[PDB]
$ cat coords32.cif   # mmCIF, C-alpha atoms and all ligand atoms
data_query
#
loop_
_atom_site.label_atom_id
_atom_site.label_comp_id
_atom_site.auth_asym_id
_atom_site.auth_seq_id
_atom_site.Cartn_x
_atom_site.Cartn_y
_atom_site.Cartn_z
CA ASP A 24 5.24 -8.45 84.87
CA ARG A 25 8.38 -8.70 87.05
CA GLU A 26 9.28 -11.35 84.36
CA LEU A 27 9.15 -8.72 81.55
CA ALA A 28 11.23 -6.34 83.78
CA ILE A 29 13.94 -9.00 84.29
CA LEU A 30 13.99 -9.67 80.49
CA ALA A 31 14.24 -5.88 79.69
CA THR A 32 17.01 -5.41 82.33
CA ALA A 33 18.96 -8.36 80.83
CA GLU A 34 18.60 -7.00 77.23
CA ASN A 35 19.67 -3.49 78.43
CA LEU A 36 22.75 -4.79 80.35
CA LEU A 37 23.77 -7.07 77.44
CA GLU A 38 24.16 -3.88 75.27
CA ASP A 39 27.08 -2.95 77.68
CA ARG A 40 28.79 -6.27 78.64
CA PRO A 41 28.73 -10.05 78.11
CA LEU A 42 26.48 -12.41 80.17
CA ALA A 43 29.76 -13.58 81.87
CA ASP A 44 30.00 -10.02 83.40
CA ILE A 45 26.27 -9.84 84.48
CA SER A 46 25.25 -11.38 87.88
CA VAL A 47 21.79 -12.60 89.02
CA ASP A 48 22.04 -9.67 91.53
CA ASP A 49 22.50 -7.20 88.59
CA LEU A 50 19.30 -8.61 86.95
CA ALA A 51 17.34 -8.49 90.25
CA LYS A 52 18.42 -4.90 91.01
CA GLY A 53 17.37 -3.64 87.53
CA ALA A 54 13.98 -5.37 87.85
CA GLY A 55 13.29 -3.91 91.35
CA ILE A 56 13.23 -7.36 93.10
CA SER A 57 15.58 -9.36 95.42
CA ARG A 58 17.80 -12.30 94.35
CA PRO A 59 15.51 -15.02 95.81
CA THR A 60 12.55 -13.25 94.13
CA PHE A 61 14.57 -13.50 90.81
CA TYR A 62 14.84 -17.32 91.27
CA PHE A 63 11.06 -17.50 91.43
CA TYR A 64 11.04 -16.34 87.74
CA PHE A 65 14.22 -17.96 86.30
CA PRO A 66 16.55 -20.72 87.46
CA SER A 67 19.73 -18.87 86.23
CA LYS A 68 20.94 -15.81 84.23
CA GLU A 69 21.55 -18.40 81.36
CA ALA A 70 17.78 -19.14 81.44
CA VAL A 71 17.13 -15.37 81.05
CA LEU A 72 19.28 -15.26 77.84
CA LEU A 73 17.62 -18.48 76.54
CA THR A 74 14.19 -16.78 76.98
CA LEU A 75 15.35 -13.54 75.27
CA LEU A 76 16.73 -15.57 72.31
CA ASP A 77 13.56 -17.74 72.13
CA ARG A 78 11.45 -14.53 71.88
CA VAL A 79 13.62 -12.95 69.08
CA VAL A 80 13.81 -16.25 67.10
CA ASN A 81 10.00 -16.76 67.37
CA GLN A 82 9.44 -13.10 66.31
CA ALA A 83 11.50 -13.75 63.13
CA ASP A 84 9.73 -17.09 62.55
CA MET A 85 6.23 -15.52 62.87
CA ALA A 86 7.23 -12.62 60.54
CA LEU A 87 8.31 -15.22 57.93
CA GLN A 88 5.06 -17.24 58.51
CA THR A 89 3.14 -13.92 57.92
CA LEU A 90 4.89 -13.37 54.57
CA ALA A 91 4.41 -17.08 53.56
CA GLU A 92 0.60 -16.80 54.17
CA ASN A 93 0.31 -13.34 52.45
CA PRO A 94 2.71 -13.36 49.42
CA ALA A 95 3.73 -9.70 48.56
CA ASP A 96 3.04 -8.65 44.92
CA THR A 97 6.55 -8.31 43.41
CA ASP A 98 9.38 -9.69 41.20
CA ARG A 99 11.54 -12.64 42.43
CA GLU A 100 14.37 -10.26 43.56
CA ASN A 101 11.90 -8.41 45.87
CA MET A 102 10.37 -11.77 47.08
CA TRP A 103 13.80 -12.93 48.37
CA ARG A 104 14.72 -9.42 49.68
CA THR A 105 11.46 -9.39 51.74
CA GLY A 106 12.33 -12.80 53.31
CA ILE A 107 15.99 -11.96 54.10
CA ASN A 108 14.79 -8.59 55.51
CA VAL A 109 12.81 -10.46 58.22
CA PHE A 110 16.16 -11.65 59.65
CA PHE A 111 18.02 -8.36 59.02
CA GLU A 112 15.32 -6.30 60.84
CA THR A 113 14.42 -8.80 63.59
CA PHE A 114 17.98 -9.71 64.67
CA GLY A 115 19.30 -6.23 63.75
CA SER A 116 16.75 -4.72 66.19
CA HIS A 117 18.10 -7.03 68.98
CA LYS A 118 21.89 -6.96 68.38
CA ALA A 119 22.93 -7.55 72.01
CA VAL A 120 20.63 -10.62 72.37
CA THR A 121 21.83 -11.87 68.92
CA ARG A 122 25.58 -11.55 69.86
CA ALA A 123 25.08 -13.12 73.34
CA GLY A 124 22.74 -15.88 72.05
CA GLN A 125 25.24 -16.87 69.30
CA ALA A 126 28.10 -16.87 71.88
CA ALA A 127 25.97 -19.06 74.24
CA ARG A 128 25.69 -21.73 71.48
CA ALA A 129 29.25 -22.76 72.56
CA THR A 130 28.30 -23.33 76.27
CA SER A 131 24.51 -24.06 76.42
CA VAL A 132 22.99 -27.22 74.83
CA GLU A 133 19.52 -25.55 75.12
CA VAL A 134 20.69 -22.44 73.16
CA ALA A 135 22.48 -24.70 70.54
CA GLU A 136 19.29 -26.82 70.21
CA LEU A 137 17.01 -23.76 69.91
CA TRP A 138 19.24 -22.28 67.16
CA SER A 139 19.54 -25.66 65.39
CA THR A 140 15.73 -26.27 65.44
CA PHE A 141 14.84 -22.90 63.81
CA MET A 142 17.72 -23.01 61.27
CA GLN A 143 16.37 -26.44 60.14
CA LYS A 144 12.88 -24.95 59.85
CA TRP A 145 14.08 -21.86 57.84
CA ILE A 146 16.23 -24.08 55.55
CA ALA A 147 13.28 -26.46 54.92
CA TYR A 148 11.07 -23.44 54.03
CA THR A 149 13.79 -21.98 51.75
CA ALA A 150 14.15 -25.33 49.95
CA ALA A 151 10.31 -25.67 49.61
CA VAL A 152 10.15 -22.23 47.91
CA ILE A 153 13.16 -22.97 45.63
CA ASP A 154 11.42 -26.31 44.69
CA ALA A 155 8.12 -24.39 43.98
CA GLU A 156 10.12 -21.99 41.72
CA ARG A 157 11.67 -25.01 39.92
CA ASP A 158 8.21 -26.80 39.62
CA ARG A 159 6.72 -23.65 37.93
CA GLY A 160 9.72 -23.29 35.53
CA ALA A 161 11.08 -19.97 36.98
CA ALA A 162 14.29 -21.55 38.48
CA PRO A 163 16.65 -24.14 36.90
CA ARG A 164 17.24 -27.51 38.55
CA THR A 165 20.95 -27.09 39.60
CA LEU A 166 22.06 -28.04 43.14
CA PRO A 167 19.68 -30.07 45.27
CA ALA A 168 17.38 -27.42 46.79
CA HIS A 169 18.02 -28.39 50.44
CA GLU A 170 21.85 -28.21 50.02
CA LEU A 171 21.56 -24.77 48.29
CA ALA A 172 19.14 -23.62 51.00
CA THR A 173 21.51 -24.84 53.79
CA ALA A 174 24.57 -22.91 52.46
CA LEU A 175 22.50 -19.72 51.79
CA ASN A 176 21.01 -19.85 55.34
CA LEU A 177 24.49 -20.40 56.86
CA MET A 178 25.89 -17.53 54.74
CA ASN A 179 23.16 -15.26 56.12
CA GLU A 180 23.79 -16.31 59.74
CA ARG A 181 27.54 -15.60 59.54
CA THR A 182 27.30 -12.47 57.31
CA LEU A 183 24.35 -10.73 59.12
CA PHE A 184 25.86 -11.43 62.54
CA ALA A 185 29.43 -10.33 61.52
CA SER A 186 27.86 -7.06 60.19
CA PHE A 187 25.82 -6.48 63.35
CA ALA A 188 28.90 -7.09 65.57
CA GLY A 189 31.12 -4.82 63.36
CA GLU A 190 33.61 -7.68 62.93
CA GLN A 191 36.74 -7.32 60.78
CA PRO A 192 36.02 -8.50 58.16
CA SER A 193 32.30 -7.73 57.65
CA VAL A 194 30.00 -6.16 55.07
CA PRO A 195 28.83 -2.75 56.38
CA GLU A 196 25.30 -3.03 57.84
CA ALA A 197 24.00 -0.54 55.26
CA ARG A 198 25.22 -2.86 52.38
CA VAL A 199 24.57 -6.36 53.82
CA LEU A 200 20.92 -6.83 52.68
CA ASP A 201 21.70 -5.96 49.01
CA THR A 202 24.84 -8.18 49.22
CA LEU A 203 22.89 -11.24 50.39
CA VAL A 204 19.97 -10.65 47.98
CA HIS A 205 22.41 -10.64 45.02
CA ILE A 206 23.95 -14.01 46.04
CA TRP A 207 20.50 -15.59 46.80
CA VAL A 208 18.95 -14.47 43.48
CA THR A 209 21.96 -15.35 41.29
CA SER A 210 22.45 -18.77 42.98
CA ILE A 211 18.70 -19.66 42.91
CA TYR A 212 17.98 -18.50 39.28
CA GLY A 213 21.48 -18.94 37.74
CA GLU A 214 22.34 -21.90 35.36
CA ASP B 24 62.01 -31.32 68.03
CA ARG B 25 60.32 -31.57 71.46
CA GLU B 26 58.35 -28.55 70.03
CA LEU B 27 56.99 -30.68 67.12
CA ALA B 28 56.16 -33.48 69.65
CA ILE B 29 54.15 -31.06 71.84
CA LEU B 30 52.29 -29.77 68.72
CA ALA B 31 51.52 -33.39 67.53
CA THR B 32 50.36 -34.40 71.06
CA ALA B 33 48.06 -31.34 71.20
CA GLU B 34 46.56 -32.07 67.71
CA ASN B 35 46.06 -35.77 68.69
CA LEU B 36 44.37 -34.93 72.04
CA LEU B 37 42.16 -32.26 70.41
CA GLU B 38 40.63 -35.06 68.22
CA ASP B 39 39.21 -36.50 71.55
CA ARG B 40 38.32 -33.46 73.75
CA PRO B 41 38.28 -29.64 73.89
CA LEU B 42 41.35 -27.56 74.95
CA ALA B 43 39.35 -26.83 78.20
CA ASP B 44 39.74 -30.60 79.04
CA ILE B 45 43.51 -30.79 78.13
CA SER B 46 46.12 -29.78 80.80
CA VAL B 47 49.74 -28.62 80.31
CA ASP B 48 50.62 -31.93 82.10
CA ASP B 49 48.68 -33.90 79.39
CA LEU B 50 50.74 -32.11 76.66
CA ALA B 51 54.05 -32.68 78.53
CA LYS B 52 53.32 -36.39 79.11
CA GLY B 53 52.50 -37.02 75.41
CA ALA B 54 55.69 -35.22 74.32
CA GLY B 55 57.92 -37.20 76.75
CA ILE B 56 58.97 -34.09 78.79
CA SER B 57 58.14 -32.60 82.25
CA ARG B 58 55.80 -29.63 82.90
CA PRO B 59 58.63 -27.08 83.48
CA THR B 60 60.32 -28.42 80.32
CA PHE B 61 56.96 -27.72 78.49
CA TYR B 62 57.10 -24.04 79.64
CA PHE B 63 60.50 -23.73 77.97
CA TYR B 64 58.67 -24.27 74.60
CA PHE B 65 55.27 -22.57 75.18
CA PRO B 66 53.91 -20.14 77.75
CA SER B 67 50.46 -21.90 77.94
CA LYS B 68 48.30 -24.63 76.31
CA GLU B 69 46.49 -21.64 74.57
CA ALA B 70 49.85 -20.76 72.92
CA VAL B 71 50.06 -24.39 71.66
CA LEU B 72 46.62 -24.06 69.92
CA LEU B 73 47.58 -20.60 68.53
CA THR B 74 50.72 -22.19 66.96
CA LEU B 75 48.73 -25.16 65.53
CA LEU B 76 46.18 -22.73 63.99
CA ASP B 77 48.95 -20.43 62.65
CA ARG B 78 50.54 -23.46 60.89
CA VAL B 79 47.22 -24.66 59.27
CA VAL B 80 46.23 -21.09 58.21
CA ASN B 81 49.71 -20.46 56.68
CA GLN B 82 49.53 -23.87 54.89
CA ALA B 83 46.22 -22.79 53.27
CA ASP B 84 47.62 -19.33 52.46
CA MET B 85 50.77 -20.78 50.78
CA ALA B 86 48.64 -23.30 48.78
CA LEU B 87 46.54 -20.36 47.50
CA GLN B 88 49.75 -18.32 46.75
CA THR B 89 50.99 -21.41 44.77
CA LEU B 90 47.82 -21.48 42.65
CA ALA B 91 47.91 -17.64 42.16
CA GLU B 92 51.52 -17.85 40.78
CA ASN B 93 50.78 -20.97 38.60
CA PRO B 94 47.22 -20.55 37.17
CA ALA B 95 45.75 -24.06 36.32
CA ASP B 96 44.55 -24.47 32.69
CA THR B 97 40.74 -24.70 33.04
CA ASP B 98 37.25 -23.11 32.73
CA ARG B 99 36.08 -20.49 35.33
CA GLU B 100 34.06 -23.14 37.28
CA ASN B 101 37.26 -25.24 37.77
CA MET B 102 39.33 -22.06 38.61
CA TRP B 103 37.01 -21.28 41.57
CA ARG B 104 36.69 -25.00 42.56
CA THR B 105 40.53 -25.22 42.75
CA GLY B 106 40.68 -22.16 45.08
CA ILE B 107 37.83 -23.27 47.40
CA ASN B 108 39.42 -26.77 47.47
CA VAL B 109 42.55 -25.29 49.15
CA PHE B 110 40.37 -24.49 52.19
CA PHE B 111 38.30 -27.71 52.02
CA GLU B 112 41.45 -29.92 51.93
CA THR B 113 43.67 -27.87 54.26
CA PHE B 114 41.13 -27.30 57.08
CA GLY B 115 39.38 -30.64 56.35
CA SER B 116 42.73 -32.42 56.96
CA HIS B 117 43.01 -30.67 60.39
CA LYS B 118 39.39 -30.79 61.70
CA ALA B 119 40.27 -30.85 65.43
CA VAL B 120 42.59 -27.79 65.12
CA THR B 121 39.92 -26.04 62.95
CA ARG B 122 37.09 -26.67 65.52
CA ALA B 123 39.28 -25.67 68.52
CA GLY B 124 40.82 -22.64 66.73
CA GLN B 125 37.34 -21.33 65.75
CA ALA B 126 36.09 -21.87 69.35
CA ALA B 127 39.19 -20.00 70.71
CA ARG B 128 38.22 -16.92 68.63
CA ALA B 129 35.68 -16.22 71.46
CA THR B 130 38.33 -16.24 74.28
CA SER B 131 41.75 -15.37 72.69
CA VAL B 132 42.44 -11.93 71.11
CA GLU B 133 45.54 -13.48 69.40
CA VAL B 134 43.42 -16.27 67.77
CA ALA B 135 40.69 -13.70 66.76
CA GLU B 136 43.40 -11.41 65.28
CA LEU B 137 45.12 -14.28 63.41
CA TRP B 138 41.78 -15.38 61.89
CA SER B 139 40.80 -11.77 61.07
CA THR B 140 44.18 -11.02 59.36
CA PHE B 141 44.02 -14.03 56.97
CA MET B 142 40.28 -13.63 56.21
CA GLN B 143 41.05 -10.00 55.15
CA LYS B 144 43.90 -11.28 52.96
CA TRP B 145 41.74 -14.04 51.31
CA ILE B 146 38.85 -11.57 50.75
CA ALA B 147 41.22 -9.00 49.17
CA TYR B 148 42.58 -11.74 46.84
CA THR B 149 39.05 -12.91 45.96
CA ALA B 150 38.00 -9.33 45.13
CA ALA B 151 41.20 -8.78 43.04
CA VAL B 152 40.37 -11.88 40.93
CA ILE B 153 36.67 -10.91 40.56
CA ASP B 154 37.88 -7.38 39.45
CA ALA B 155 40.33 -9.02 36.93
CA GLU B 156 37.38 -11.10 35.56
CA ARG B 157 35.28 -7.90 35.26
CA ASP B 158 38.24 -5.94 33.62
CA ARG B 159 38.58 -8.70 30.93
CA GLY B 160 34.78 -8.79 30.26
CA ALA B 161 34.16 -12.36 31.62
CA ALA B 162 32.15 -11.18 34.73
CA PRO B 163 29.43 -8.47 34.95
CA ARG B 164 29.86 -5.44 37.20
CA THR B 165 27.11 -6.19 39.84
CA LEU B 166 27.90 -5.88 43.58
CA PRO B 167 31.10 -4.13 44.58
CA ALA B 168 33.74 -6.89 44.33
CA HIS B 169 34.99 -6.57 47.93
CA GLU B 170 31.43 -6.83 49.40
CA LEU B 171 30.70 -9.93 47.21
CA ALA B 172 34.08 -11.41 48.18
CA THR B 173 33.41 -10.76 51.92
CA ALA B 174 30.02 -12.58 51.95
CA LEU B 175 31.36 -15.52 49.85
CA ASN B 176 34.39 -15.92 52.19
CA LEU B 177 32.11 -15.77 55.28
CA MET B 178 29.74 -18.31 53.66
CA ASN B 179 32.70 -20.65 53.15
CA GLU B 180 33.95 -20.25 56.74
CA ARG B 181 30.55 -21.07 58.27
CA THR B 182 29.54 -23.78 55.73
CA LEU B 183 32.91 -25.66 55.56
CA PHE B 184 33.29 -25.60 59.35
CA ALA B 185 29.63 -26.67 60.03
CA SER B 186 30.21 -29.61 57.58
CA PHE B 187 33.51 -30.61 59.21
CA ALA B 188 31.92 -30.51 62.71
CA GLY B 189 28.81 -32.48 61.52
CA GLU B 190 26.55 -29.69 62.83
CA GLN B 191 22.76 -29.83 62.44
CA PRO B 192 22.16 -28.21 60.04
CA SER B 193 25.13 -28.72 57.66
CA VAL B 194 25.82 -29.74 54.08
CA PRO B 195 27.34 -33.27 54.08
CA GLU B 196 31.13 -33.08 53.66
CA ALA B 197 30.91 -35.06 50.40
CA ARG B 198 28.55 -32.35 48.90
CA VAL B 199 29.97 -29.11 50.40
CA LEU B 200 32.62 -28.31 47.73
CA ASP B 201 30.12 -28.59 44.81
CA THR B 202 27.57 -26.57 46.88
CA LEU B 203 29.98 -23.67 47.44
CA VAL B 204 31.33 -23.73 43.86
CA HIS B 205 27.77 -23.35 42.50
CA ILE B 206 27.06 -20.27 44.68
CA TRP B 207 30.51 -18.69 43.92
CA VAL B 208 30.20 -19.18 40.12
CA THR B 209 26.55 -18.08 39.85
CA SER B 210 27.09 -15.01 42.10
CA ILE B 211 30.37 -13.96 40.37
CA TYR B 212 29.18 -14.48 36.70
CA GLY B 213 25.40 -13.94 37.16
CA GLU B 214 23.62 -10.67 36.02
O1 LIG A 301 18.27 -15.28 56.41
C1 LIG A 301 17.74 -16.41 56.37
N1 LIG A 301 18.20 -17.40 57.11
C2 LIG A 301 19.27 -17.19 58.08
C3 LIG A 301 18.78 -16.55 59.38
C4 LIG A 301 19.87 -15.91 60.23
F1 LIG A 301 20.64 -15.13 59.49
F2 LIG A 301 20.62 -16.88 60.79
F3 LIG A 301 19.34 -15.13 61.21
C5 LIG A 301 16.55 -16.65 55.50
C6 LIG A 301 16.23 -15.73 54.53
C7 LIG A 301 15.14 -15.92 53.72
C8 LIG A 301 14.32 -17.05 53.88
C9 LIG A 301 13.18 -17.23 52.96
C10 LIG A 301 12.51 -18.43 52.79
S1 LIG A 301 11.31 -18.25 51.53
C11 LIG A 301 11.73 -16.60 51.35
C12 LIG A 301 11.04 -15.77 50.32
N2 LIG A 301 10.17 -14.85 51.04
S2 LIG A 301 8.53 -15.37 51.39
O2 LIG A 301 8.07 -16.62 50.74
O3 LIG A 301 8.29 -15.42 52.84
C13 LIG A 301 7.71 -14.08 50.49
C14 LIG A 301 8.12 -12.76 50.58
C15 LIG A 301 7.47 -11.78 49.83
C16 LIG A 301 6.45 -12.16 48.96
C17 LIG A 301 6.06 -13.49 48.87
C18 LIG A 301 6.69 -14.46 49.62
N3 LIG A 301 12.70 -16.20 52.20
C19 LIG A 301 14.64 -17.99 54.82
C20 LIG A 301 15.76 -17.80 55.65
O1 LIG A 302 37.10 -20.48 51.04
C1 LIG A 302 37.60 -19.33 50.93
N1 LIG A 302 37.60 -18.49 51.95
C2 LIG A 302 37.13 -18.91 53.27
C3 LIG A 302 38.16 -19.73 54.04
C4 LIG A 302 37.59 -20.55 55.19
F1 LIG A 302 36.53 -21.24 54.80
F2 LIG A 302 37.25 -19.72 56.20
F3 LIG A 302 38.49 -21.46 55.65
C5 LIG A 302 38.23 -18.90 49.64
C6 LIG A 302 37.99 -19.63 48.50
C7 LIG A 302 38.57 -19.27 47.31
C8 LIG A 302 39.40 -18.14 47.23
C9 LIG A 302 39.96 -17.77 45.92
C10 LIG A 302 40.51 -16.53 45.65
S1 LIG A 302 40.94 -16.45 43.95
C11 LIG A 302 40.41 -18.07 43.73
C12 LIG A 302 40.49 -18.68 42.38
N2 LIG A 302 41.56 -19.67 42.42
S2 LIG A 302 43.18 -19.14 42.01
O2 LIG A 302 43.32 -17.78 41.43
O3 LIG A 302 44.09 -19.32 43.15
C13 LIG A 302 43.41 -20.23 40.63
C14 LIG A 302 43.04 -21.57 40.68
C15 LIG A 302 43.20 -22.38 39.56
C16 LIG A 302 43.68 -21.82 38.39
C17 LIG A 302 44.03 -20.48 38.34
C18 LIG A 302 43.89 -19.68 39.45
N3 LIG A 302 39.96 -18.64 44.86
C19 LIG A 302 39.62 -17.39 48.35
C20 LIG A 302 39.04 -17.76 49.57
#
$ encode --input "coords32.cif" --output "structure tokens"
Amino acid sequence: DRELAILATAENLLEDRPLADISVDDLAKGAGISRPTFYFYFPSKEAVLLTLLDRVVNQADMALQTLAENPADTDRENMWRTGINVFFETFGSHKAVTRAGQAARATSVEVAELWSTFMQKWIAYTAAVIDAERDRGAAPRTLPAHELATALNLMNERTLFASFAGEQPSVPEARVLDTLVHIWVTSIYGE
Amino acid sequence: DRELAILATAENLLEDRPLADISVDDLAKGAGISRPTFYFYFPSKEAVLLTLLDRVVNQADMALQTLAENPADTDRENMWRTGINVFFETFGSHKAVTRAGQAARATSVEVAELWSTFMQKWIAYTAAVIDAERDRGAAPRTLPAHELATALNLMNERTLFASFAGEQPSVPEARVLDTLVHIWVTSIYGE
């Protein structure tokens, strides 16, 4: 639609500059519509970023749902690698939306609440799998599962997103998946 | 001095509202000086937060230097707990400066560079200790030490600061030290 064109324009421009430096007029021009026509689709450029983030977050969530329904046939190291890889590939394929969406957590209650809702969901799912591993005798009962899950999820948020943004310091993007898998597997299966 | 009074006023006000909602006039009034007298001590309210952050960061750094010079007489779990505790206690004793200083990373190159410099230093020291543990045969050679150190340091930044801010999600403050120690010890000593 024109909606999909505004979203694509926003994602393209965000690869060059922050949302602060993008105007409604910029988004309209790229989508081949006028400013008032823009306001028919979105109330604000902040609504455009919220929608972009919502789509990327739901893409990751559905990928993880897909894996949870269809468990891959592998050792525990590859089970966790496959789950972390959802986030690495999904967010790493949308770096500009990731960077801008994280930055908007500071200024938008709707972005903060979106991020908070899905992090809670991914932590609860992490904990449920760690608890399943403990129930079947493959993982030791150490930390409370939900506390362990929370810190591992927060580690992944900061570490993946520092890598994608090329922050100093950061793990290089080509090393970050193996880095996180090591810490997940040792902390989940380690006495 | 009047300098110390401005710094104390800023830290007190930051416990109530963001730097965005604090004026130079607010800082002058609390310190018992006029606005132009304020500008004799600091160029801007942003300089006041930079100085507060610089003092808290250097306090943590010196505490860690103190431990590095005078190694406590304990098992490896208590060695790592004592190091992480520097950050938990130092930043956890200055939550308002922590929150505001992290938020200012987005808008101030000097705050971003301060934070980046010390994180590099703390990661290099982490890696140097992991490498010492590997050299003496107490830790296995798994991940490259500096990559492991980077992800553990970034985990601590996000997890400690989410706890202090009471974010949803977060580990409760009373559980966060034990949570992080578990993940450091298992990931550093785990095959
Ligand atoms: O990174 C994460 N969070 C942070 C997100 C960020 F960074 F902020 F973007 C994150 C990583 C992994 C999981 C997860 C849960 S359970 C599992 C195992 N795979 S599984 O059960 O789906 C599976 C995989 C393969 C075979 C069988 C089951 N992996 C959840 C969250
Ligand atoms: O949390 C950290 N970083 C993130 C900071 C944040 F969160 F962003 F604020 C952080 C935690 C621990 C260390 C560290 C290095 S080495 C050691 C062992 N203790 S030691 O060598 O100093 C020691 C202790 C006791 C006995 C002997 C030696 N601990 C470094 C950094």
$ residues_near_ligand --input "coords32.cif" --ligand "ligand LIG 302 (chain A)" --cutoff "7 Å" --atoms "all atoms listed in the file" --output "PDB file with C-alpha atoms, keeping the file's coordinate frame"
ATOM      1  CA  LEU B  87      46.540 -20.360  47.500  1.00  0.00           C
ATOM      2  CA  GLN B  88      49.750 -18.320  46.750  1.00  0.00           C
ATOM      3  CA  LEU B  90      47.820 -21.480  42.650  1.00  0.00           C
ATOM      4  CA  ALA B  91      47.910 -17.640  42.160  1.00  0.00           C
ATOM      5  CA  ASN B  93      50.780 -20.970  38.600  1.00  0.00           C
ATOM      6  CA  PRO B  94      47.220 -20.550  37.170  1.00  0.00           C
ATOM      7  CA  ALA B  95      45.750 -24.060  36.320  1.00  0.00           C
ATOM      8  CA  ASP B  96      44.550 -24.470  32.690  1.00  0.00           C
ATOM      9  CA  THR B  97      40.740 -24.700  33.040  1.00  0.00           C
ATOM     10  CA  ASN B 101      37.260 -25.240  37.770  1.00  0.00           C
ATOM     11  CA  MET B 102      39.330 -22.060  38.610  1.00  0.00           C
ATOM     12  CA  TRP B 103      37.010 -21.280  41.570  1.00  0.00           C
ATOM     13  CA  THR B 105      40.530 -25.220  42.750  1.00  0.00           C
ATOM     14  CA  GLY B 106      40.680 -22.160  45.080  1.00  0.00           C
ATOM     15  CA  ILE B 107      37.830 -23.270  47.400  1.00  0.00           C
ATOM     16  CA  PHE B 110      40.370 -24.490  52.190  1.00  0.00           C
ATOM     17  CA  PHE B 114      41.130 -27.300  57.080  1.00  0.00           C
ATOM     18  CA  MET B 142      40.280 -13.630  56.210  1.00  0.00           C
ATOM     19  CA  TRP B 145      41.740 -14.040  51.310  1.00  0.00           C
ATOM     20  CA  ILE B 146      38.850 -11.570  50.750  1.00  0.00           C
ATOM     21  CA  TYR B 148      42.580 -11.740  46.840  1.00  0.00           C
ATOM     22  CA  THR B 149      39.050 -12.910  45.960  1.00  0.00           C
ATOM     23  CA  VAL B 152      40.370 -11.880  40.930  1.00  0.00           C
ATOM     24  CA  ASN B 176      34.390 -15.920  52.190  1.00  0.00           C
ATOM     25  CA  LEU B 177      32.110 -15.770  55.280  1.00  0.00           C
ATOM     26  CA  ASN B 179      32.700 -20.650  53.150  1.00  0.00           C
ATOM     27  CA  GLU B 180      33.950 -20.250  56.740  1.00  0.00           C
ATOM     28  CA  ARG B 181      30.550 -21.070  58.270  1.00  0.00           C
ATOM     29  CA  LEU B 183      32.910 -25.660  55.560  1.00  0.00           C
TER      30      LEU B 183
END
$ atom_distance --input "coords32.cif" --atom1 "CA of residue 171 in chain B" --atom2 "CA of residue 196 in chain B"
24.0 Å
$ closest_residue --input "coords32.cif" --among "A:178, A:38, A:212, A:200" --to "chain B" --atoms "all atoms listed in the file"
A:178
$ residues_around --input "coords32.cif" --residues "range 25-29 of chain B" --least-positions-apart "2" --cutoff "10 Å" --atoms "all atoms listed in the file" --output "ChimeraX atom specification"
/B:31-35,47,49-56,60-61,63-65,68,71
$ atom_distance --input "coords32.cif" --atom1 "CA of residue 79 in chain A" --atom2 "atom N3 of ligand LIG 301 (chain A)"
17.2 Å
$ atom_distance --input "coords32.cif" --atom1 "CA of residue 151 in chain B" --atom2 "CA of residue 112 in chain B"
22.9 Å
$ residues_around --input "coords32.cif" --residues "residue 69 in chain A" --least-positions-apart "4" --cutoff "10 Å" --atoms "all atoms listed in the file" --output "short mmCIF file (atom, residue, chain, number, x, y, z; two decimals) with C-alpha atoms, in the coordinates of the input"
data_model
loop_
_atom_site.label_atom_id
_atom_site.label_comp_id
_atom_site.auth_asym_id
_atom_site.auth_seq_id
_atom_site.Cartn_x
_atom_site.Cartn_y
_atom_site.Cartn_z
CA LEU A 42 26.48 -12.41 80.17
CA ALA A 43 29.76 -13.58 81.87
CA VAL A 47 21.79 -12.60 89.02
CA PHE A 65 14.22 -17.96 86.30
CA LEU A 73 17.62 -18.48 76.54
CA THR A 74 14.19 -16.78 76.98
CA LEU A 75 15.35 -13.54 75.27
CA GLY A 124 22.74 -15.88 72.05
CA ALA A 127 25.97 -19.06 74.24
CA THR A 130 28.30 -23.33 76.27
CA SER A 131 24.51 -24.06 76.42
CA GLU A 133 19.52 -25.55 75.12
CA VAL A 134 20.69 -22.44 73.16
#
$ interface_residues --input "coords32.cif" --of "chain A" --to "chain B" --cutoff "8 Å" --atoms "all atoms listed in the file" --output "ChimeraX atom specification"
/A:126,129,139,142-143,166,170-171,173-175,177-179,181-182,191-194,198,202-203,205-206,209-210,213-214
$ axis_aligned_box --input "coords32.cif" --around "range 89-101 of chain B" --padding-each-side "5 Å" --output "JSON"
{"center_x": 42.8, "center_y": -21.4, "center_z": 38.7, "size_x": 27.5, "size_y": 17.6, "size_z": 22.1}
$ closest_residue --input "coords32.cif" --among "A:76, A:109, A:45, A:132" --to "ligand LIG 301 (chain A)" --atoms "all atoms listed in the file"
A:109
$ closest_residue --input "coords32.cif" --among "A:186, A:89, A:82, A:116" --to "ligand LIG 301 (chain A)" --atoms "all atoms listed in the file"
A:89
